[PDB]
There are 2 protein chains.
Amino acid sequence: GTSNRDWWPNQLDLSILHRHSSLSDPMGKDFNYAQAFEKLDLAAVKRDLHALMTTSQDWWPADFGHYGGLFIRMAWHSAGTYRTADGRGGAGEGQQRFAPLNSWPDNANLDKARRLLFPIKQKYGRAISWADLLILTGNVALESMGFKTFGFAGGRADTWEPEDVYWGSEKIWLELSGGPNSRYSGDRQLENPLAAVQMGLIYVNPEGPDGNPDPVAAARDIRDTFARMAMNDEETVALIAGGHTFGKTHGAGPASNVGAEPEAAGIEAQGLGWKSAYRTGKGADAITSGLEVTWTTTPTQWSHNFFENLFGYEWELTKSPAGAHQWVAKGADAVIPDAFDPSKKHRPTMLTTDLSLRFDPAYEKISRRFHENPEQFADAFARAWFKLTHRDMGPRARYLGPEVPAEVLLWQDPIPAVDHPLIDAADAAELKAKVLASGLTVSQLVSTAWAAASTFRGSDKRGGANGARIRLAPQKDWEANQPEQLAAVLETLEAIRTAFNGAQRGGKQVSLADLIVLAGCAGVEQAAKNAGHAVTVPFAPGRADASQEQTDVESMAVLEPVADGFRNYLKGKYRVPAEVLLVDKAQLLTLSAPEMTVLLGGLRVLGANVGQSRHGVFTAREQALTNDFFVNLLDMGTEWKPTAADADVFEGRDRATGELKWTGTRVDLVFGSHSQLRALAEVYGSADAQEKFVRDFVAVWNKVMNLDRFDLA
Amino acid sequence: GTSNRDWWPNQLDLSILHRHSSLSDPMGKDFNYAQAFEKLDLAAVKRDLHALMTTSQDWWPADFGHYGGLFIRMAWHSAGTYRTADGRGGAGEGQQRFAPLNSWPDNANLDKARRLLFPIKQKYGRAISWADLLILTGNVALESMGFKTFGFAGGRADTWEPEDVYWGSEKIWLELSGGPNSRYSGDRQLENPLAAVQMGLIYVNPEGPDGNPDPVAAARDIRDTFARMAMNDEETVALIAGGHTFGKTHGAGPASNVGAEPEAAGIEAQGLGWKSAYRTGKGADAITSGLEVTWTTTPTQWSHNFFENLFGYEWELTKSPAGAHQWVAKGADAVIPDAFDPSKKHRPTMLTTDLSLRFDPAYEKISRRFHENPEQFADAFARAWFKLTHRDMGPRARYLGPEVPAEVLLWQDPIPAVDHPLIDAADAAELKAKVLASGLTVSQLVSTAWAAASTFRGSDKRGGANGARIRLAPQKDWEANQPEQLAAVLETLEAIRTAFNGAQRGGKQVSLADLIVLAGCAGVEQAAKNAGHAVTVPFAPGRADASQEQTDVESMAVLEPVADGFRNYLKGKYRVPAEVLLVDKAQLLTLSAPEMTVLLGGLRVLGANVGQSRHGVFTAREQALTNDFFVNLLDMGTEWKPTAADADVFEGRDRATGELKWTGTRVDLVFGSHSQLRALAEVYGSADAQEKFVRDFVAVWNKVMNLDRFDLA
Ligand code: HEM
Ligand code: HEM
Ligand code: NA
Ligand code: NA
């Protein structure tokens with residue numbers, strides 16, 4: 001059947017904003033996963049997992065009699081999709097069980113790993129999410145094999161449909177770079193927001209870049225892709241060597257024996273895929289990646305044998321039985337055990353990317369340190385494994401259960417505890433009036449609270465107004481935040497704060513994070529008052545202020561808005577049209593299309609634009625909260641054309657006289673062009689809509705102000 | 001960006017079931033359009049529409065100074081997409097304002113028509129939907145030009161995204177027949193459920209079939225497409241001649257002058273399209289279809305001139321200025337007015353399809369009668385226009401406002417009014433006990449109520465259990481309904497009913513329609529008891545019994561389920577896979593994916609399959625309401641394979657011994673294969689889910705039993 005996407009493949013896609021409806025969710029609307037998990041007997045789940053590790057099923061026999069390696073790979077691929085550029089991917093939604101990730105070639109045979117866990121999932125039911133279970137199973141694998149983990153937090157609620165993620169534009173799985181849809185340009189520059197080298201890989205190609213078995217060149221791709229997943233050199237070497245202490249790869253025969261991936265398989269396969277025609281199709285005959293490497297002499301026990309082998313042999317380029325490039329130890333004895341036959345042993349083997357840890361000069365230094373000091377290795381791996389598996393979970397207030405590590409880590413963007421009474425409703429009213437009497441304008445108040453709260457992204461639950469990080473580096477100097485104006489507003493608010501807190505007894509005080517949001521609330525109330533409407537904007541205290549020393553400046557860079565349609569801002573010239581970037585930002589904000597539309601229309605007439613641009617400011621009563629944006633955009637008396645100077649700026653002229661009335665960008669005019677957005681604009685631009693517009697605007701403002709408030713969850 | 005659809009283009013699409021969520025809807029979840037409409041000053045709206053008719057706008061000047069013909073076309077296109085095969089399309093959701101219909105070639109320049117209406121839409125706001133407005137505007141056009149309409153009902157709630165409809169498989173707009181995705185096969189057989197001859201047409205090609213200007217062959221296409229929109233010969237001739245009493249076509253220059261359709265136009269076009277480079281682009285220079293025909297000597301006044309011209313001249317084949325085939329009256333004088341120049345007149349002209357009304361022998365007779373008896377023409381057209389514009393609105397209980405016609409019409413599937421006391425809860429308990437004491441089984445009770453209720457479709461709100469039409473022709477003889485079993489159940493229920501009604505005082509009685517539903521309820525209650533659960537099923541009385549003479553047998557044929565996955569039924573071999581048909585049916589039933597899943601699982605264990613088929617009956621306790629379907633489907637101890645006899649039937653055998661345990665169809669096994677469906681099955685097949693399964697099943701059972709209960713709305 002031909003679809004709208006077929007006919008108009010470049011039109012903007014609003015359905016990304018309408019996922020995750022209560023319709024698609026089988027749980028009740030009252031289901032609260034955290035409440036279910038907090039009653040789970042986590043110790044009993046772990047005992048069942050521990051038993052499973054050595055309880056081989058004949059339809060996918062356990063290598064060495066132990067599933068630990070397979071489950072550690074499963075948990076590392078679950079977390080491994082994560083990109084710091086947008087926070088999308090990672091383990092936090094259990095997305096490995098849905099398309100497309102369930103069928104990526106790098107996830108081959110993890111369908112078998114997830115199937116092994118269904119009996120446990122079935123026993124415990126809604127009290128443990130798939131998303132938590134995947135991670136927990138990798139921790140229990142590690143523990144079962146003698147490795148002491150750093151801890152574990154539950155709280156990843158399950159999802160029920162695939163996430164909308166840009167994974168690249170290639171139309172061929174595993175396409176080598178340089179094709180018509182190349183994700184590389186320039187001197188091997190990977191396009192943002194991607195974090196893998198080929199479509200359907202986790203990070204890099206285990207043979208080498210585009211299959212070229214050079215460990216030095218492979219190291220460049222390892223470093224780049226791992227940096228794009230928020231991991232530095234130490235963390236990288238710890239993770240790779242740590243993982244490859246366990247288990248083996250599977251390449252016993254030619255890959256042409258392996259059938260359809262799960263989404264393409266027949267119905268009788270009941271959710272599994274890569275059925276193999278080679279010998280038994282499993283166990284000793286398994287084919288997953290096509291490589292056939294076993295790294296250590298004890299694949300089912302933690303050791304420091306990865307580095308002993310890496311450094312204690314010289315390495316020779318060879319081929320697996322599937323034809324893939326891999327390496328074998330020169331002159332070595334057969335000291336590695338076979339996975340099924342106790343009478344067979346094998347020579348040490350390595351992947352090209354393993355040898356990167358010895359041949360790249362910066363990795364070599366760390367690998368050597370870890371080789372000489374395996375206690376340092378164990379500690380770095382444990383910390384990195386925790387970070388890997390929790391990086392998308394958001395603030396530590398979301399972490400559940402009895403194994404949460406107490407140590408506060410800088411990557412968590414930590415918020416200090418609140419240890420004093422909070423302001424009440426009367427205090428909030430007094431502080432709003434003080435803010436308004438200071439002479440700060442609606443535009444200043446709204447702009448500053450917008451800037452603070454709108455760093456949030458639901459993809460990894462980073463950002464938001466909690467922390468008052470807007471006053472710190474690097475946020476205070478981001479161009480979108482209008483540094484000189486921001487500094488003047490923050491100075492006035494800090495004076496208000498000092499005076500209020502100095503007057504209290506009993507230790508009550510207000511944080512600057514709370515006052516920034518409260519001040520934005522006073523601005524919106526004042527704009528409504530300027531329009532003739534008395535409203536109260538809701539406000540919930542309890543935010544705290546983080547220090548510079550608790551803020552990783554380099555990690556914060558990815559939260560910089562380089563495109564923020566809500567402030568009609570674009571930092572420079574992109575390939576993707578600005579309206580597509582607006583929709584992307586609304587998705588990260590967790591907004592629907594109606595929420596996006598109301599919010600943008602109001603912000604324009606409040607004076608939220610960066611630099612006080614007139615683009616889209618379709619009103620003659622700026623700083624009054626009215627539906628004027630919609631009424632004027634919809635006025636057929638105005639004709640619009642692109643300017644000669646700039647095809648992305650439009651002039652609106654009176655159709656009859658030619659007089660200039662307005663200017664706008666693509667982000668403004670999309671609301672009058674897109675057939676779904678225009679239909680929303682019509683509702684708010686109708687003669688009966690002023691009350692509705694104000695109410696809906698206040699509701700979406702308060703939603704944005706509270707996005708990171710998992711302390712009130 | 002590559003999407004799951006790109007990778008796996010034949011996968012099933014569940015997002016059709018989660019459309020129309022409260023997320024995409026700008027109105028609050030409590031908004032009730034019926035209540036808004038009932039307060040609308042409909043008389044004021046009509047006055048504004050009357051004024052608009054002759055208020056010409058310079059950007060799309062009114063032909064003959066009067067927009068009436070353009071608006072009649074606009075309303076007839078809004079209604080004209082309707083297909084009786086599935087009830088999809090029609091005017092009832094205002095879908096002409098969204099993709100793809102806003103940009104269909106046959107809808108060219110109706111974007112102008114809808115834009116002219118925005119000021120009225122703006123003024124009245126939420127109190128009149130677009131969908132009602134398009135139809136009311138067509139009514140007012142007719143009345144303004146001297147034609148008295150049969151009536152009008154409001155109540156068509158607006159929708160906020162495109163409907164998921166199969167419009168065909170062609171990838172080229174307007175593709176002629178016989179291509180790689182031909183909608184025709186055999187002797188000009190149109191594929192169900194399509195009701196138009198080419199992609200992006202309303203019904204037929206105005207030049208003739210595939211552009212061949214043969215009026216006799218065109219008549220065959222007219223008759224077939226109109227029948228597939230629920231219109232017979234009389235209604236068809238009345239509609240065509242009636243419409244073509246007004247206005248004109250537009251084909252002033254070559255079609256190569258017309259630019260992009262609205263969904264392809266640039267952002268500056270602000271929602272309009274088909275911008276023309278021919279002369280002024282508009283008015284006298286307009287190009288819409290490419291034809292240039294004006295039918296009558298008074299295009300802005302109702303007249304009997306259509307048939308005078310059709311019969312009073314002989315016709316010669318000619319070309320419009322765009323090169324399209326049309327007809328001109330041989331030897332006629334220049335009697336037709338020009339739309340813009342008072343000094344110009346034109347000869348009478350006709351479309352091929354107009355000439356069909358004279359040259360097809362069965363139409364000719366009707367046309368002549370209308371020519372000779374113009375009052376019969378006026379009456380037929382009035383009634384057909386009402387039917388055209390209301391055929392998708394459902395039961396008369398949904399009709400709102402002060403212009404609703406009192407006359408009850410056969411195509412409304414009318415239900416008699418209830419004029420007696422209804423049964424109360426004590427009566428309901430006594431009747432359930434009687435049903436259970438009669439010896440009717442769970443399987444019999446559930447199957448019969450399912451058969452009665454599940455004819456409903458939300459596309460045109462036809463069908464459902466109200467009316468007890470399951471006892472009448474043709475429902476009582478449908479193969480899916482198991483005619484011999486149905487007859488035995490109905491005979492026992494009618495004897496129960498006769499005995500209850502014969503014992504009452506006052507006028508209290510129970511309809512058979514209510515008793516069928518009630519008896520189904522007692523079945524479900526008994527099945528829960530068989531499983532150890534104490535469950536009360538909600539029941540609402542008030543259904544009435546329709547007569548045979550109130551049940552048009554030919555119109556009822558389209559509700560026949562030829563595929564019903566809920567009863568594992570397929571009437572024959574189709575090209576579309578059965579699991580796609582299941583999803584299609586769930587959409588017509590208004591079900592979400594979780595509802596479809598829970599419903600199907602329960603029906604299988606209750607014995608609702610046609611012919612007592614064992615396929616999907618994954619339980620050892622049939623007629624007990626348990627989650628066994630899910631627990632057994634998910635058991636990895638069973639391996640599944642297609643049979644040699646039949647690739648659509650699957651055997652599930654013990655993995656270790658090979659012993660046969662179950663058989664299933666595609667509909668059954670999709671729940672274990674599709675990655676989304678399997679995620680829902682896992683919830684219900686978990687150890688903690690039995691009570692949830694029961695309660696969710698009772699909820700969705702009750703939902704289906706009430707689909708058509710617009711008397712309680
Ligand atoms: C440069 C990064 C990496 C590359 C290129 C890579 C490559 C691979 C490949 C090709 C396999 C074989 C799949 C199969 O044929 O069964 C695999 C196995 C595995 N990897 Fe990695 N890997 C990477 C990093 C990691 C990380 C970070 C960890 C975990 C901390 C991990 C843990 C494992 C384990 C445990 C296995 C064994 C699976 C089994 O026993 O079934 N690897 N690796
Ligand atoms: C065989 C069925 C029909 C065919 C092929 C058809 C074809 C068309 C065509 C090609 C146009 C010209 C579009 C343009 O260039 O502006 C048109 C105009 C129109 N049709 Fe039809 N028609 C059909 C039935 C109907 C019916 C059922 C109605 C209404 C009851 C209707 C009412 C009109 C009106 C009022 C116009 C004039 C528009 C104007 O004045 O702007 N027609 N028809
Ligand atoms: Na994420
Ligand atoms: Na419909």
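Convention: sequence-line order gives letters A, B, ...; per-chain numbering from 1.
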Classify the side-chain pair B:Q587/B:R88 by whether it contains a donor and acceptor separated by less than 3.5 Å.
yes
Are B:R115 and B:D111 close enough for a salt bridge, meaning some N to O gap below 4.0 Å?
no
Salt-bridge present (B:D360, B:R220; N to O < 4.0 Å):
no
Has the side chain of B:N139 got a donor or acceptor atom that lies under 3.5 Å from a matching backbone atom of B:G151?
yes
I need the minimum non-hydrogen distance between B:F37 and B:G401, along with the two atoms involved.
CE2-CA, 4.0 Å
Test applied, ring pair (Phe, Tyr, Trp, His ring centres under 6.0 Å); reference residue, B:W104; option that passes from B:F98, B:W167, B:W274:
B:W167
Are B:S169 and B:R183 close enough that a side-chain donor and a side-chain acceptor fall under 3.5 Å?
no
Between A:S673 (side chain) and B:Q270 (backbone), is there a donor-acceptor pair under 3.5 Å?
no
Could you tell me whether B:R156 sits above the aromatic face of B:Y33, with NZ or CZ closer than 6.0 angstrom to the six-membered ring centre and within 45 degrees of the axis?
no
Is any side-chain heavy atom of B:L588 less than 4.5 Å from a side-chain heavy atom of B:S459?
yes
Given 3.5 Å as the limit, does a donor-acceptor pair link the side chain of B:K148 with the main chain of B:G146, or not?
no
Examine distances only and state if a side-chain atom of B:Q189 and a backbone atom of B:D187 form a donor-acceptor pair shorter than 3.5 Å.
yes
Work out which heavy atom in B:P209 is nearest to a heavy atom in B:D221; give both atom names and the distance.
CB-OD2, 3.6 Å
So, is the end of the B:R368 side chain (NZ or CZ) under 6.0 Å from the ring centre of B:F311 and within 45° of the ring's axis?
yes
Could you report the tightest heavy-atom contact between B:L351 and B:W327, atom names first, then the distance?
C-CD1, 3.9 Å
Residue pair B:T294 / B:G247: nearest heavy atoms and the distance that separates them:
CG2-O, 3.8 Å
Check: A:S675/B:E263 side-chain N/O donor and acceptor closer than 3.5 Å:
yes
Does a sphere of radius 6.0 Å around NZ in B:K171 hold more than 12 heavy atoms from other residues, nucleotides or ligands, not counting ones at 6.0 Å or beyond?
yes
Cation over ring, B:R383 on B:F386, under 6.0 Å and within 45°?
no
Side chains of B:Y67 and B:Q57 only: does a donor on one sit below 3.5 Å from an acceptor on the other?
no
B:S177 and B:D210 side chains, donor-acceptor separation under 3.5 Å
yes
Donor-acceptor side-chain pairing of A:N4 and A:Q11 below 3.5 angstrom
no
Which salt bridge (charged side-chain N to carboxylate O under 4.0 Å, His left out) pairs, counting each pair once, include a residue from residues 387-401 of chain B, with sequence neighbours left out?
B:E235-B:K387
Polar contact flag, side-chain donor to acceptor under 3.5 angstrom, B:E261-A:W8:
yes
May I ask you to check whether B:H77 and B:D106 show a side-chain donor-acceptor distance below 3.5 Å?
no
Assess, by modelled atom type and distance only, whether the side chains of B:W130 and A:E682 contain a donor and an acceptor separated by less than 3.5 Å.
yes
Ring geometry between B:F152 and B:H390 (parallel below 30°, tilted from 30 to 60°, perpendicular above 60°)
perpendicular
Go through it in stages, so that I can follow the logic: the residues are B:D233 and B:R223, the test is salt bridge (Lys or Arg N to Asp or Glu O under 4.0 Å), and I'd like the CA-CA distance, side-chain angles, deciding distance and then a yes or no.
CA-CA 7 Å; B:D233 287 4; B:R223 174 167 296 104; 2.8 Å; yes
Shortest non-hydrogen pair, B:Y363 vs B:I222, comes out as OH-CG2, 3.5 Å
Please check if the side chain of B:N102 supplies one atom and the backbone of B:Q96 the other of a donor-acceptor pair under 3.5 Å.
no
Backbone N/O of B:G208 and side chain of B:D214: donor-acceptor pair under 3.5 Å
no
Hey, does B:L136 have a side-chain heavy atom less than 4.5 Å from the side chain of B:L42?
yes
Can you tell me if CD on B:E375 sees more than 12 non-hydrogen neighbours from other groups inside 6.0 Å?
yes
With side chains defined as the heavy atoms from C-beta onward, is the minimum distance between B:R114 and B:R97 less than 4.5 Å?
yes
Polar side-chain atom of B:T137 near backbone of B:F71 as donor-acceptor pair, under 3.5 Å
no
Taking the six-membered ring of B:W60, is the NZ or CZ of B:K282 close enough (under 6.0 Å from the centre) and on axis enough (within 45°)?
no
Less than 4.0 angstrom from a charged side-chain N to a carboxylate O is my criterion; do B:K248 and B:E292 meet it?
yes
May I ask you to check whether B:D48 and B:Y124 show a side-chain donor-acceptor distance below 3.5 Å?
yes
Which residue pairs satisfy the salt bridge (charged side-chain N to carboxylate O under 4.0 Å, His left out) criterion with at least one member in residues 59-85 of chain B, sequence neighbours excluded?
B:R83-B:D86
Is it true that the side chains of B:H304 and B:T245 contain a donor and an acceptor less than 3.5 Å apart?
no
Between B:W411 and B:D552, a side-chain donor and acceptor under 3.5 Å:
no
Using side-chain heavy atoms (C-beta onward) and a distance below 4.5 Å, is B:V293 in contact with B:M350?
no
Side chain B:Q412, main chain B:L409, donor-acceptor under 3.5 Å
yes
Looking at residues at least two apart in the chain, or sitting in another chain, which of them share a side-chain hydrogen bond (donor to acceptor under 3.5 Å, both in side chains) with B:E161?
B:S24
Report yes or no: does B:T84 contribute a side-chain atom to a donor-acceptor pair with the main-chain N or O of B:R228 at less than 3.5 Å?
no
With no hydrogens and no angle check, do the side chains of B:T159 and B:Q95 hold a donor and an acceptor under 3.5 Å apart?
yes
Just to verify, which of B:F306, B:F307, B:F147 counts as forming a ring pair (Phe, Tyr, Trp, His ring centres under 6.0 Å) with B:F377?
B:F307
Are any side-chain N or O atoms of B:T296 and backbone N or O atoms of B:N305, one a donor and one an acceptor, separated by less than 3.5 Å?
no
Answer with yes or no whether the side chains of B:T149 and B:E143 bring together a donor and an acceptor at under 3.5 Å.
yes
